[PDB]
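K.L.:
Would you mind keeping the following structure in view while I ask a few things?
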Amino acid sequence: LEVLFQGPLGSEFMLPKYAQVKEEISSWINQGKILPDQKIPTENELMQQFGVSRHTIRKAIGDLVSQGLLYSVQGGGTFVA
Amino acid sequence: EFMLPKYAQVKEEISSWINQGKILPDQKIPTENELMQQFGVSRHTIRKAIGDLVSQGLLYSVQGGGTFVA
DNA sequence: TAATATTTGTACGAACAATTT
DNA sequence: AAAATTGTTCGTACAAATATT
Ligand SMILES: [Ca+2]
């Protein structure tokens, strides 16, 4: 269960939840916590662990895929590029 | 097959506009409300299409302003 | 000058399809 | 044959920024 800094975008440090989830996952990648063609946790596991909606998980992942450090296979899972 | 998902088709149409020069750079495309009434699809679908095209460098957006040809 | 309306942004939920396990 | 997992598509409610009255 990873924690959100969530509250008060009104001043400075606040990021949207999808951006925070994004930072975590990406930090997992280059820190080598998961290597290329290794599977990351399912959208459902991510939902529970970050305490956010599937929509928010899919946005975070959708972005990282488009950056090209993840790739997805429908029905298979999502993997470090 | 010739089938493409709805967001891909909205994507195609908008793109064609751009490269046929029906909207030039720094020029505005229809709003999301207009795009959805014209394609008869959801705001979500419209936002998905536009998001992809921003991500590929074809468009930029300004919250509260609108969306524009890059 | 200040309210209001308009428009894009983030974030929750729902149901079903398509593909893989 | 079923179950699990990602894909598409609809919906609702506010927040935040800009553009209009
Ligand atoms: Ca406006």
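If you read the sequences in order, they're chains A and B.
According to PDB author numbering, the residues represented by the first sequence are -12 to 68, in order.
According to PDB author numbering, the residues represented by the second sequence are -1 to 68, in order.
Idealized CB from N, CA, C, for every residue including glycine.
#1: How about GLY62 of chain B: is its Cβ closer than 7 Å to a heavy atom in ligand 1?
#2: Does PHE37 of chain A come out as helix, strand or coil in the three-state DSSP assignment?
#3: For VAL52 of chain B, which residues does DSSP report across the bridge?
#4: Sorted by chain position, which residues of the same chain lie with C-beta nearer than 7 Å to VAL52 of chain B's C-beta, five sequence neighbours on each side aside?
#5: Starting from the C-beta of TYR5 of chain A, find all residues in its chain whose C-beta is less than 6 Å away, skip the five residues before and the five after it, and write them out in chain order.
#6: So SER59 of chain B is in the beta strand (DSSP E); what residue range does that whole segment cover?
#7: For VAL8 of chain A, which of helix, strand or coil comes out of DSSP?
#8: By how many angstroms is the C-alpha of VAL(-10) of chain A removed from the C-alpha of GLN36 of chain A?
#9: Is the Cβ-Cβ distance between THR65 of chain B and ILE21 of chain B less than 8 Å?
#10: Relative to the alpha-carbon of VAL8 of chain B, which residue among B:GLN61, B:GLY62 and B:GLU30 has its alpha-carbon at the smallest distance?
P.N.:
Here's the rundown:
#1: Mapped onto the second sequence, residue 62 of chain B falls at position 64. Using a cutoff of 7 Å, the CB of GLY62 of chain B counts as near ligand 1, since one of the ligand's heavy atoms is closer than that.
#2: Within the first sequence, numbered from 1, the residue matching residue 37 of chain A stands at position 50. When DSSP states are grouped into helix, strand and coil, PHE37 of chain A belongs to the helix group.
#3: Locating residue 52 of chain B in the second sequence gives position 54, counting from the first residue. According to DSSP, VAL52 of chain B bridges with nothing at all.
#4: To locate residue 52 of chain B, count along the second sequence from 1; it is residue 54. Taking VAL52 of chain B as the centre and dropping the five residues before and after it, the same chain places the C-beta of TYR58 and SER59 closer than 7 Å to its C-beta, in chain order.
#5: Residue 5 of chain A sits at position 18 when you count from the first residue of the first sequence. Hits under 6 Å: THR43, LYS46 and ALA47.
#6: Translated into positions along the second sequence, residue 59 of chain B becomes position 61. Note, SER59 of chain B: beta strand (DSSP E), 57 to 60.
#7: Translated into positions along the first sequence, residue 8 of chain A becomes position 21. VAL8 of chain A: helix per DSSP, three-state reduction.
#8: Sequence index remark: in the first sequence, residue 36 of chain A carries index 49 (1-based). Sequence index remark: in the first sequence, residue -10 of chain A carries index 3 (1-based). Their backbone Cα atoms lie some 9 Å apart in a straight line.
#9: Counted from its first residue, the second sequence places residue 65 of chain B at position 67. Counted from its first residue, the second sequence places residue 21 of chain B at position 23. Not a contact, by the Cβ cut-off of 8 Å.
#10: On the second sequence, position 10 is the one that residue 8 of chain B refers to. Taking only the C-alpha atoms, the option nearest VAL8 of chain B is B:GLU30.
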